[PDB]
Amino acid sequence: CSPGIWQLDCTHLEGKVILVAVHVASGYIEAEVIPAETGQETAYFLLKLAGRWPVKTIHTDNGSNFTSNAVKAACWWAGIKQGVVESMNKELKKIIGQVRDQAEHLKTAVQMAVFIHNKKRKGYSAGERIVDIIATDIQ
């Protein structure tokens, strides 16, 4: 897929919200545990994401997620416009379950699962693929 496309969705676990961003072309994930599912939290997440990777386009399974003025302002400022994703989210949810008792806080288990997911060789890992896709696109 195009190297600037990311998918963002929230999932719920233990009464908390996990914002999951998938780089569609590599399967690479960025995730954070947010206090609430709000436009301000999504906007802040998008600003962080766009400063770290070249974010061109964002996709989601819940269109209404992107209607706040806060989200529209983040996309405006950062210059963002509006199978794999289902699979990557499924893998992450499974990994969180597998490491959950190794940590007190869900947020810690989430970051351990992101780490495991991005480094797992499938033969390259999602972390290796994103860096290869973005470097070759710059070239």
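Numbering starts at 1 and runs along the sequence shown.
Count the deposited residues lacking coordinates between residue 82 and residue 83 and you get 10 or more of them.
According to the PDB entry, the deposited sequence contains 4 to 9 residues between residue 122 and residue 123 that lack coordinates. The PDB entry reports B-factors from which the mean C-alpha value can be compared for 86-94 and 110-118; the larger average falls on 86-94. The mean Cα B-factor in the deposited entry runs higher for 98-106 than for the other of 98-106 and 25-33. Split the chain's modelled residues into thirds by C-alpha temperature factor. Residue 5 is in the middle one. The PDB entry assigns residue 20 a C-alpha temperature factor belonging to the lowest third of its chain's modelled residues.
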